[PDB]
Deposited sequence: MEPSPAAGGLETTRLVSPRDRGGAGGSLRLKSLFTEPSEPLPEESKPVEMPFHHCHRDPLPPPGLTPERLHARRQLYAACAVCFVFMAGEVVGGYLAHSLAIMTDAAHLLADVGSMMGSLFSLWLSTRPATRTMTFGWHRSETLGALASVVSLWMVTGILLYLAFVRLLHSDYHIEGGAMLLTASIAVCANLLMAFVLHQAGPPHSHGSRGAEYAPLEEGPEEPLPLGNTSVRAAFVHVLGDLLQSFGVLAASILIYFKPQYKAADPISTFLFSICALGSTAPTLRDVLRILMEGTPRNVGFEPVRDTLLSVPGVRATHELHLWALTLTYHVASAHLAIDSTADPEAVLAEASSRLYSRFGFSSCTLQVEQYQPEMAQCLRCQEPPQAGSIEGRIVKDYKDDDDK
């Protein structure tokens, strides 16, 4: 019996309720911070504060996408969505990356327009006050996280947020005391936007690899092929497909050409057990064929060449 070795846990686990509560609290806090920073930066006509608020918007969007994916990954698979709704997490990550690129591009264009035909005034007091408030808020968030895995990830993320806020505060301090240095705002916007795009590049690469039906990063083609070929009875392998619904949901398929004096049920059971134990594939479908002498002659029955 395929898929009968494990069991599906129904209902909502108590730890998942805690995770949902933490995500709700983090989303509320980050949204309040983003709204306050947007108001302050608009009052100060500052673009660095726009960059910080855009980063907070990216954080909020990522957490909201995570919450939406968590809610979606509980409905049963339908007749139109056979695999379930696990791809929603990847789609939400892609949406967050795209939105970050949009806002960063808008901010970069605004900063570039500011730099040449430098016609803008920046309120030093308002910008300094907003930057100080943002730095204090980041420090308070870091202290709360230290007092209270996901918490450690939030702690390091808040430390990075705090470093960026310190940079913005330094720029605001420079502008406030020396009003002639208004150019520190577009320059800081440029630096932080480039940093944001560089930070978002790896997630975009991973999302694209998942979406293009590529092999999962951790799972290797050669280890899986060698595991399948090591099963007693298997002679060859073709049409070995490995892809991931998300970072944790991996699917596998293959055609196994077994010997004539082999038991297809035993081969199938052993191969499924080996794949599940070694690689933890959520789904695995193996087509047990018979190794005809013509199998080793078909062009399409040949594995991809070594990289």
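Gaps without C-alpha coordinates occur at 1 to 53, 202 to 229, 389 to 405, with positions taken along the deposited sequence from 1.
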